[PDB]
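Peer 1: After the structure tokens below, expect a handful of questions from me.
Values quoted throughout were computed directly from the atomic coordinates according to the rules given, and no laboratory measurement underlies them. Positions of Cβ are backbone-derived with ideal geometry, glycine not excepted, and every protein chain shown enters the neighbour counts.
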DNA sequence: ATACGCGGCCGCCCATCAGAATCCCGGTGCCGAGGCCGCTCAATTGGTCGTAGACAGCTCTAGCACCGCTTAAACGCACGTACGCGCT
């Protein structure tokens, strides 16, 4: 569980309400979701850079829950 | 022959001496810690040897985790029958 949580913290239950130190909002949840790990900020910056030109980017992940997390992050954007 | 007197009897309030009954102080029997104790045989003391078992090294099973194709089993709801249970 530490090896799986060594890159993304959102893997348990008491983790989303701990970061949210205020009040349903939508931009604050995604803002607190991207800034929780460096791979999300750098992934969004490189994704925007690739979107400024036009390429087909793929994401290969091992954890099946992280795919759903990306399913909840990329759908809002 | 005819009229007066009275006599113990008695209800009356009023007086004296013993007996009954409550309170002020009590002895008695039962229970449970104490003490005494003493002959003594089981624990303690001082001591040796050796062996279980702690411990560190090691390797080598199996318990975990994880995933996805497949599907039997669980789910929830709709409808009515045949019991739970209440009464007499």
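Peer 1: Taking only pairs six or more apart or across chains, which ones have beta-carbon atoms under 9 Å, a first residue in the stretch A:47-65 that is more than 16 Å from DNA strand B (Cβ to nearest atom), and a second residue that is not in a loop (DSSP other than H, G, I, E, B)?
Peer 2: These pairs meet every condition: A:56/A:50; A:57/A:46; A:57/A:47; A:57/A:50; A:57/A:51.
Peer 1: What are the residues in the stretch A:49-70 that are outside any loop (DSSP other than H, G, I, E, B) and either under 8 Å from the mean Cα position of the chain (by Cα) or surrounded by 10 or more Cβ atoms within 10 Å (Cβ to Cβ) (or both), if any?
Peer 2: A:49, A:50, A:51, A:65, A:66, A:67, A:68, A:69, A:70
Peer 1: Continuing with the same structure: Within the stretch A:1-19, can you find the residues that are assigned to a loop (DSSP other than H, G, I, E, B) and over 13 Å from residue A:39 (Cβ atoms)?
Peer 2: A:1, A:2, A:3, A:11, A:12, A:13, A:14, A:15
Peer 1: Can you pull out the residues in the stretch A:10-25 that are surrounded by 10 or more Cβ atoms within 10 Å (Cβ to Cβ) and either more than 15 Å from DNA strand B (Cβ to nearest atom) or more than 16 Å from the chain's Cα centre (by Cα) (or both)?
Peer 2: Listed by number, the residues that qualify are A:15, A:16, A:19, A:20, A:25.
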